[PDB]
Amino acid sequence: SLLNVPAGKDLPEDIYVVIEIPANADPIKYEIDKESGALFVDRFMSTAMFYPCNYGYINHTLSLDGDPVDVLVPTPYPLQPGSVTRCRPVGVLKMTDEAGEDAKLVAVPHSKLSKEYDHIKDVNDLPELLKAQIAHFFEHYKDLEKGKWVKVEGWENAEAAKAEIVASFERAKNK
């Protein structure tokens, strides 16, 4: 199953991301279940918002919110929930939510999948609008769900993103 997908071929520079939610999709917040590897409906989000990129996680990692580390993956066409994409980290939106520190990595498709993103080396190379849209999404998408909240702490670079990937991997390792 997806439970057996490696974190990556050469972490943290070469990772696999398991997709749960496509970019620009209906507000169904799917999460993979750790036990079964199945896609569960976590919730129907209450705001009229969509994820600006495909959204998922790195397998065999653990954030402080008790889930694998979260990843946004821009692509030319939305991905299928439950599919896996090889990518390269380029930046990270630091943020905290009701479940703990909960960073949002941005990783682009690996050069082997496409040349489209090769030019995006670091966080400054991401379009300013996309970055603004992502921060605005995480700032507001929980606005109508009581007991759910976010404190966005800011954008950081590809090396901070890599550091977060290592830490999350090591954390799933030693817990």
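We call the rigid core whatever largest set of C-alpha positions still superposes within 1.5 Å between the two forms. Numbering starts at 1 and runs along the sequence shown.
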property: Comparing 73-81 and 91-99 where Cα RMS over structures and residues is taken in 4 other deposited structures of this protein (core fit), larger one; result: 91-99
property: Higher-scoring stretch by recorded Cα B factor average, 51-59 or 64-72; result: 64-72
property: Average Cα temperature factor in the PDB entry - higher stretch of 138-146, 24-32; result: 138-146
property: Third of the chain, ranked by Cα B-factor, where residue 99 sits; result: highest
property: CA B-factor placement of residue 18, once the chain's modelled residues are sorted into thirds; result: lowest
